[PDB]
């Protein structure tokens, strides 16, 4: 089963999920932030409402503003998440204009409408791997938004800090790949392979571990001998 640090996350999420308070998830790529956001939704009373997601980094300023708040129609992500949960990833990339508008939605529960407003009821979950307090000091993140956004913070441990989970998950992914390519048995990892796995920093965390292990099993391609060559870098 999962490491103590990850179990402590799951326990935190079970307590946070029922609240209608905004949650901030801090974690590297491939640590499962969106999955945690989804768990907060499905363990909440809003579980039958919508779960909407948006990656702030993916859009330029003008498109981000329209995608989040709408452009009268083109309903934005807040309107689409009404009665449910909205997950905003890579929050630190949101331009200052969007951050100010986000604060207003959090505190007033309304979207502005020029002329011709919308009240919305959305539980907000955001994610980042930036140091938001540091960006506040730099002027690149709003202090007021951070004061209202981070009711509580869920910090996902990177794989490198869950060394116990690395061989567990590696074996899991290896077995699944053996099924996919019809090997009769996963023949295990050599000690050399284990050193490679446990010494590497996994900057891509769980996604990268899966990719690495699946490639390695395929390249090895046999059940007759233990897997010795962990192919971290497919470019070599």
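Residue numbers count along the first chain shown, from 1.
According to the entry, are there none, 1 to 3, 4 to 9, or 10 or more residues of the deposited sequence without coordinates between residue 72 and residue 73? Missing residues, residue 72 to residue 73: 4 to 9.
Pick between 30-38 and 53-61: the one whose mean CA B-factor in the entry is higher. It is 53-61.
If you average the CA temperature factors as listed in the entry, which stretch comes out higher, 21-29 or 5-13? Stretch with the higher mean C-alpha B-factor: 5-13.
Between 151, 87, 108, 141, which one tops the list for Cα B-factor in this entry? Reading the PDB entry, the winner on C-alpha B-factor is 108.
Quick one: which of 92, 114, 125, 103 has the biggest Cα B-factor according to the entry? Highest C-alpha B-factor among the listed options: 114.
Among the modelled residues of this chain, does the Cα B factor of residue 133 put it in the lowest, middle or highest third? According to the entry, residue 133 has a C-alpha B-factor in the chain's middle third.
Using the B-factor values recorded in the entry, state whether the Cα atom of residue 66 falls in the lowest, middle or highest third among the modelled residues of its chain. According to the entry, residue 66 has a C-alpha B-factor in the chain's highest third.
Comparing residue 48 with the other modelled residues of its chain, is its CA B-factor in the lowest, middle or highest third? As the PDB entry reports it, the C-alpha B-factor of residue 48 lands in the highest third of its chain.
Modelled-residue ranking by C-alpha temperature factor, third containing residue 168: It belongs to the highest third of the chain when residues are ordered by C-alpha B-factor.
Can you work out whether the C-alpha temperature factor of residue 97 puts it in the lowest, middle or highest third of the chain? For residue 97, the deposited C-alpha B-factor lands in the highest third.
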